[PDB]
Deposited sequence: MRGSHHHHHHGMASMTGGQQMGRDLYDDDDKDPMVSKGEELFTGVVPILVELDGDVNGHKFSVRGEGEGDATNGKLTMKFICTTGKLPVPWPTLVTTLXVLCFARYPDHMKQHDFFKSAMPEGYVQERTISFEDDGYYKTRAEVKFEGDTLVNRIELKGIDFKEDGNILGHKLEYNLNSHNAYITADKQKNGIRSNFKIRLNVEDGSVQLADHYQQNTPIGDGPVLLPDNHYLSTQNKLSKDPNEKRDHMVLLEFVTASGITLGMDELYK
């Protein structure tokens, strides 16, 4: 795809999320760069409204799959880059086990030379005494795999997958993700055969940052199609 040519080097990234969870409003701003050749993303995020009212690990999947590494032999199955530069809409429901849910709608597109992810998030029916609003999750994210399928009627892709969040007592809380992506423009896109994305995430802190924040290193790589 011609969209793929936009990702052969290092691309600046901006992320802007406005959220409202049980009526608690917040904003997050992030900046960094993506290196799709290596499937690599480096970002720093700040809560620009003060204290983040949910744990940072619960927002990672919401806060740019066009930076996944698709191996050469799978290039015909990379929907996310093929929709560029006009971009795509990414929508999710995320259901937290024994707690509330997030609903998210985002647009991912180029604005000038920068790849921009702009998200609206709503969080509904959380327990003030639960792990999310009560901040009882560990500051990490386990590695996970997700199955991607084509949705030809909607000219995009779908994915359902579960994240296993670490709770500070040693237990695990499941976060069940329903995802759909649709192109914004009318040009041709690549609709893929079924395949997998594998993700690893490292979360850290900036020692000179006094605001509520997250430093993120993420790798995403595709697999599961044979010639």
Which parts of the deposited sequence lack C-alpha coordinates? 1 to 35, 99, 264 to 270
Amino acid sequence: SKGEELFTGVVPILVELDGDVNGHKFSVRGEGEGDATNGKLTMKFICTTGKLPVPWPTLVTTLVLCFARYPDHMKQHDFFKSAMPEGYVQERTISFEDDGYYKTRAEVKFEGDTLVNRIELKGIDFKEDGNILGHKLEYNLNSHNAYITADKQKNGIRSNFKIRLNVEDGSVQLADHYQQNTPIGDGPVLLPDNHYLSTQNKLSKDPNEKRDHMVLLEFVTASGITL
From here on, numbers count along this sequence of modelled residues.
Quick one: say whether 104 to 112 or 150 to 158 has the higher mean Cα B-factor in the deposited entry. 150 to 158
Can you tell me whether 187 to 195 has a higher mean C-alpha B factor than 31 to 39 in this record, or the other way round? 187 to 195
Once the chain's modelled residues are ordered by C-alpha B factor and cut into thirds, is residue 73 in the lowest, middle or highest one? highest
Cα B factor band for residue 143 (lowest, middle or highest third within the chain): highest
Going by the entry, which third of its chain does the Cα temperature factor of residue 209 land in? highest
Is the Cα B-factor recorded for residue 82 in the lowest, middle or highest third of its chain? highest
Is the Cα B-factor recorded for residue 201 in the lowest, middle or highest third of its chain? middle
